Structures are given as C-alpha cells and as structure tokens.
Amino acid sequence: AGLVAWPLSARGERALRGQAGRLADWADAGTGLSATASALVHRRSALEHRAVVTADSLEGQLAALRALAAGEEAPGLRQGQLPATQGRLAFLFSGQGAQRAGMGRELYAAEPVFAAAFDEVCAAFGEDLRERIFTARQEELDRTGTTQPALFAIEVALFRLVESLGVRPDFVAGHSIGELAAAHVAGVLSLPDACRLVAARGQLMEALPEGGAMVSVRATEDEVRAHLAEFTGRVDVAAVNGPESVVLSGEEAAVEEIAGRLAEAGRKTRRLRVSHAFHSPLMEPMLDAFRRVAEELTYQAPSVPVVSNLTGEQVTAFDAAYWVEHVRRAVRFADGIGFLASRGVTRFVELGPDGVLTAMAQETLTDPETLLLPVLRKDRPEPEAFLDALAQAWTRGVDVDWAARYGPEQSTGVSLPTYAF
C-alpha cells in the first residue's frame, strides 16, 4: 500500500494547527489521498498574491503602498499572482543591432556584481575594451570587431548579475552573437576560449568588404524561399525570426531585386542598417580563418540546455564546425522559441541592452499568460529597468533571492510587526 504525503503550511503555529483540524473535518466523509495531495500543493501556489513597491525615498514607498492598499495603480508598484503550476524559465541573449553607445555604464556604477564580471570579461579581451564601450561613439561601437565583444561582455555580465540574484534558467538561447554568450554561460567554453572565439568572429568579419545588404520581409519562409532559385550564392535567408518575419541577406543588388519582387507581390520589406550581409554567402571568405581559430579551442558539454540557431532545437555537441556553420547559416529563432514553449517554458528573460528579442519572441508566443521580460530598456535608466524587471518577474512567480541584495545584517534590530503579515 503506497504512502501519500499531505504537505501543509501556514503563518504561525496556531494557524497550522487550525488548518489541520479543518482539513480533517472536511476529509472525514472521504477523499482521494493522492487527489488531496495535489489539491494541497496547487491550491497553495494559486492563492499566493505578490507585490513589490520600489522607490528612492520613504515618501515614495509609502505612496505606492497606499495605492496598493486602496487597490489603485501607481508608478513604482508591481503586483501579480502565482499560477497553480509554475513554468520553466529561459534566458534570451541579444544579437546584432542591439548595441547603443554608453550601454552598461549606469549599471556598472550601481551594481558591483555586474561591474566585477564586466571588468573580468573585458580584461580577457584586452584592448582597453571597457572604456571603449563606455566612452566610444556610436559609429565606433557599430564596428563589428567592437560590437561582438561588447555585446558578449554586457550579456555575460548581466547573466552573472541575475545569477547572483538567484535567477536560474532551465534553458538558454541567443541570436547570432548572443548564442556565443549563452554557450559560454552554459559552460561550453572557458572565458579565455570564448573571448578568443568572439574576438576573431568580429575582427574577421569587420575586414570583409562593403556592398552587403539585409532586408526584413513580412512573409513566410516558404514565400521568401520561392524567390531564391535564380540567386544562389548571392542571397540567402539570414534569419527566420517569426512565422511571418524573415530576413534576407547578401549582395546588395541581388537583395534589392528580390525585395522588390516580394514588394510587388504585396509584402512589406524593410532594409536594415547594418555593415555587412550577415548569415549570407558574403560571409564565406572569412570562414577558413574562423575555423582555424575555433579548432584551437576546447568544447565542453553544457551545464544547462542550449537551444541552437542552426536547428531551432537543443544542441548537445559543440565543436569548431558548429560555430563556423552558425556564422553562415540562417538563425532559426522562431523555431527556437516554439521549441521552448513545447518544453513548458512560460518565462522568457532577455539579457541584452534592449527588448528586441522579447518583441520577436512575442511574434511566436502571443499569450497573456506567458511572460517576456527585457532586463534593460531604452525607456529608462539601467538600474531602474533592471530592478523593475526583477520585481515583475518575482511578482509572477520567478524565484528571486532578494536576501542576496538585502542581506540579513541590515534587518538586525528592525522590529517589523508580526501582523505586518
């Protein structure tokens, strides 16, 4: 005869004891043992309501608290409610075009874990990278030999920051350069190997010549691929970011011609502001030197599952060959998202300078229940944006280890009324 456990919890002992008495009274006439076990665990999660009030003064905290009491909305108040069943959590690492001049500088000054990991990553690269990223003009930042190290540095620093706050992903994924960050952070590459890989990836493409274009098209992959027959080796699909969101890449003239035919057929196209035709045949000339670098490195099994841009499903095996193809072939981002939802991921946290990947993922997900969060936003200062993303996440059930930010030593002496609960 199988034993069944009924787990009860309450605030204070008398309430625990009362709950037990009532549960027994209710159960006296009969219930399923294991049915009642489930009910006890899922009722408890679904009942929990949460809020966070955030301000830089007591006056501000008080106002947001009063608003919550009265059932009002307010700036600095986030609130929500856990689901019965808690879903899995993925980090999404940003790609090209995300970078903005001065990114990271506010967070650096305010968040010592982020600062320390950022310094460490930049030191690994050498070349006075941290200052260049903080100091550099936009044009300098958008040089892809600088861009890819910078994005990698920021994204890995952000990962350590959120990891220090106890937020642990069940999956990681990235877009283009973002994948290299996700790999490093899942333990596939040592930092020195990772920097060597990223440094060469950027530097080798920056040397490629001009005349490449990229155009985003609002159509299906099949619709776009129809047009590529007559333009092999000149144009390719660079990305499939959504069910109707695909990016064409290659020699300018060819790309223009294809784009124009798709626009004649009623489909909207948008030329991207980029230096090179990424993920296209125009990348071919650097690939031999890139393999040479990647072949010198050591590749481990990932500690956390990594979603592949190549396949749109899980990678288990990383090698020099993978990273070379990665550079060349289409980024199957939308398939990646679909894969993550299939594995029960309902929380998506974007690590990177903005919310670009979050909006792309929404093209696939489209559900109010699921949560997609950028950790930084162009709209607000970085410290504020980060702290609000933590608040919002926690409010919807993401485990955040607030104690790591607000240590027990600071509470010593505070007498918080018990009925404060």
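Residues carry their position along the shown sequence, with the first being 1.
As listed in the deposited structure, the average C-alpha B-factor of 90-98 and of 122-130 is greater for 122-130. Just going by the entry, 187-195 versus 236-244 on mean CA temperature factor gives the higher value to 187-195. As recorded in the entry, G211 carries the highest CA temperature factor of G260, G80, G211, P285.
Each of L161, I337, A226, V172 has a CA temperature factor in the record; the biggest one is found at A226. Looking at the C-alpha B-factors along this chain, the one for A109 belongs to the highest third.
When all modelled residues of the chain are sorted by CA temperature factor, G250 is found within the lowest third. Among the modelled residues of the chain, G407 sits in the middle third by CA temperature factor in this PDB entry. Remark: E48 belongs to the lowest third of its chain, ranked by C-alpha B-factor as recorded. In the deposited entry, the Cα temperature factor of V331 sits in the bottom third of values across the chain's modelled residues.
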